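In the form deposited without the ligand, a lone chain appears below as structure tokens.
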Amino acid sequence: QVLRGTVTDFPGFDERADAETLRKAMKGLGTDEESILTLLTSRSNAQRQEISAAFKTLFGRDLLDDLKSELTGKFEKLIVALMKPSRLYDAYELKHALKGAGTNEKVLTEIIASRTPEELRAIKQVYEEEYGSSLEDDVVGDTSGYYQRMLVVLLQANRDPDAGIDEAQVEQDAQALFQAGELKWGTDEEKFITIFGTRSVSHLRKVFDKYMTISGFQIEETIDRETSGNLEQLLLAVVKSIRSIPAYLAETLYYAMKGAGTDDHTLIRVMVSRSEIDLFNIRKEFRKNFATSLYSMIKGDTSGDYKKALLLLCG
């Protein structure tokens, strides 16, 4: 439960040597995707900006625009995602997800339910400086129903602080979620949105335990994962994130590689955003709840330079 990633700062880092290497890998009608992914995955996101700054000082060109020119396919999407500054990454995926009626609710649910309060505050600020409107206004405008209000509650980042576990508030909270669960989460939705949204993590931990001592079900067992709307998919993600954020994103990666096709966008988004936060913890929860290494599944579900960089980011 000590959070650590798989990509740290490259020791003995030279911004100008790395910038010259990337230019050599691209100048002249030729290819060198190996030299690109070898250097990019081995450098921290902060170092990847220092190289991008030295690349412009040395040659007066935009490193990202040149990489976009020389690469294509899923390998291009992974490289440009590795290039986006970590401070701007989450706000960039949300802005690209709020696309009107074609909004990707999976991206909104994944980021908003799995990010800490201190991370959400930085996203909201960054969103307003890079883009015109605010994140909350863009969410309200492109979503509706109690799924909208559930996101707006979480976007406030005003969850109760972890305090002394009131054993008397636990039984009442667990009894309230039971009645709403027995009505398929369709009766007075405002009541449990406040509980899932504002109660502290340690409290809702013990509330979820008292759920299994009251009913025979776990909280997740009363919500189907496949036949599920936006709200119930958000309850599932908030519950799993309250239990363990590394374990939730681990199951997010697992189902991105099972289906008629591999969700390469979710695969890229989850591994890039968490590469320096908790990817090492995500890998261990993967080996636990799925009886296989994340390295094993990526190798068997991806091809080419796109796969080689993913494996290097994994470990």
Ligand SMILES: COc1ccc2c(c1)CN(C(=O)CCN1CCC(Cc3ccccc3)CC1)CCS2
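Think of the rigid core as the biggest set of C-alphas that the two forms share within 1.5 Å after superposition. So that there is no doubt, residue numbering starts at 1 and follows the sequence shown. Residues that one form lacks are left out of the comparison.
Only in words, not in the display: the form solved in complex with the ligand, which the text now covers.
The chain is drawn here without the ligand; in the deposited bound form, the stretch among 110-118, 186-194, 219-227, 80-88 whose residues come within 4.5 Å of it by any heavy atom is 110-118.
For the three residues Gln175, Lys210 and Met212, a heavy atom within 4.5 Å of the ligand turns up in the deposited bound form in no case. Among the residues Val152, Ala122, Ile165, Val201, the one placing a heavy atom within 4.5 Å of the ligand in the deposited bound form is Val201.
This chain lacks the partner; the member of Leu253, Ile277, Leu37, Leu67 within 4.5 angstroms of the ligand in the deposited bound form by a non-hydrogen atom is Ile277. Using a 4.5 Å cutoff between non-hydrogen atoms, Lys95 does not count as a contact of the ligand in the deposited bound form. Contact check for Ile245: a heavy atom falls within 4.5 Å of the ligand in the deposited bound form. Taking the partner from elsewhere, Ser241 is found to have a heavy atom lying within 4.5 Å of the ligand in the deposited bound form. Though the partner is left out of this view, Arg159 does reach within 4.5 Å of the ligand in the deposited bound form, counting heavy atoms only. Shown here without the ligand, the chain has no residue in 122-147 lying with a heavy atom within 4.5 Å of that partner in the deposited bound form. Annotation: the position in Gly164, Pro161, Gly145, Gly100 displaced by at least 2 Å at CA between the shown form and the other one, with the core superposed, corresponds to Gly100.
Panel note: the distance between the CA atoms of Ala97 and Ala101 is smaller in the deposited bound form than in this form, the difference being 3 Å or more. Wider separation of the C-alpha atoms of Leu231 and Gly100, by 3 angstroms or more, is seen in the deposited bound form than in the present form. Comparing the conformations between the shown form and the other one, with the rigid core held fixed, yields only the displaced run 99-103, spanning 3+ consecutive residues whose C-alpha shift is 2 Å or more.
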